């Protein structure tokens, strides 16, 4: 009757996640001055180095040096003894205009409504009634565990916690008629960067007690639950200095933690015309609607695009057999109710607002507000 399922998350100071956060700092910063900015900024993190590579065409004036350093300040990386510091690190800027070849194909000369896609791609959307957030529990708890760490780090409670971390959660489920029901937490993993001077025992206790027991409902915990708390033993070297960091390299953490499917596309660093972002948020929007709106417990939604073309080439809706209504019918309800041309998406989900930096840690989905988490009512 039961199966296991694992998902991971990572903290704000994880080297990949830094880049993701920096690339959206850079995005917000343009959108703050030029709503119709075209942004494809990739960040790379390594010891002492933040580098920005990509394409930007904008009217905004932007101090990348300020934008990056504040981003790294907000993360907590603010002293050499933490293995990284916004004050004294290097920032390289290798940023150009958008390819004029791309410029003409995507966005020159057409109503903002009938804008062609920014690239080709495939994007997925998912939602499940296993949780309030309409997300898998495995990923929801993974995020919350890194969230709690951050809370405890910045409030003082564990001033030995450093910014870099990774959680991983495995849950024992059961199959209820195509839908899934979480039953117990089988294994939690936490590895978090720390100050030299604390011992291992002290950390593991604190993670079991202050983090996990605070975060996981005790109904999902029991005497058989395995804990792997600082499994390595030592994690004083962290962030960029431990491990090179790249934008778009935590795109399963950003979405559904192995559940449903992924199209390949990264989110951070990209304005609305990048359909890797706009369509992906739309597809979430749609899936969450279909569940909340009563048609299914669990749903998967594909879309695909061609560069230069506005409508999608394909739309697919898989409901796992959790729906009375057919597969051609949900397709028709989605079609009645959504306009998945990237230029109409942006109106509905307000995607010119510089709110992207909030998205670049703890998931782009299942989260407090954001426009795409707010389900539309369905007419059918």
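Residue numbers count along the first chain shown, from 1.
Between 54-62 and 319-327 (mean CA B-factor, as deposited), the higher:
The entry gives the higher C-alpha B-factor average to 319-327.
So, looking at the entry's B-factor column for Cα atoms, which has the higher mean, 64-72 or 328-336?
Result of the comparison: 328-336.
Whose CA atom has the top B-factor in the entry, of 141, 261, 295, 127?
Of 141, 261, 295, 127, 295 has the highest C-alpha B-factor.
Maximum C-alpha temperature factor, selected from 257, 269, 233, 245
Among 257, 269, 233, 245, the PDB entry lists the largest C-alpha B-factor for 233.
Residue 367's Cα B-factor: lowest, middle or highest third of the chain?
Tercile = highest for this residue's CA B-factor.
Among the chain's modelled residues, which third holds the C-alpha B-factor of residue 349?
Answer is highest: the recorded C-alpha B-factor places it there.
Ordered by C-alpha B-factor within the chain, which third holds residue 48? Give me lowest, middle or highest, please.
For residue 48, whose C-alpha B-factor we compare with every modelled residue in the chain, the answer is the lowest third.
Modelled-residue ranking by C-alpha temperature factor, third containing residue 265:
Lowest third, going by the recorded CA B-factors of the chain.
Lowest, middle or highest third: where is residue 175 by Cα B-factor in its chain?
Highest third, going by the recorded CA B-factors of the chain.
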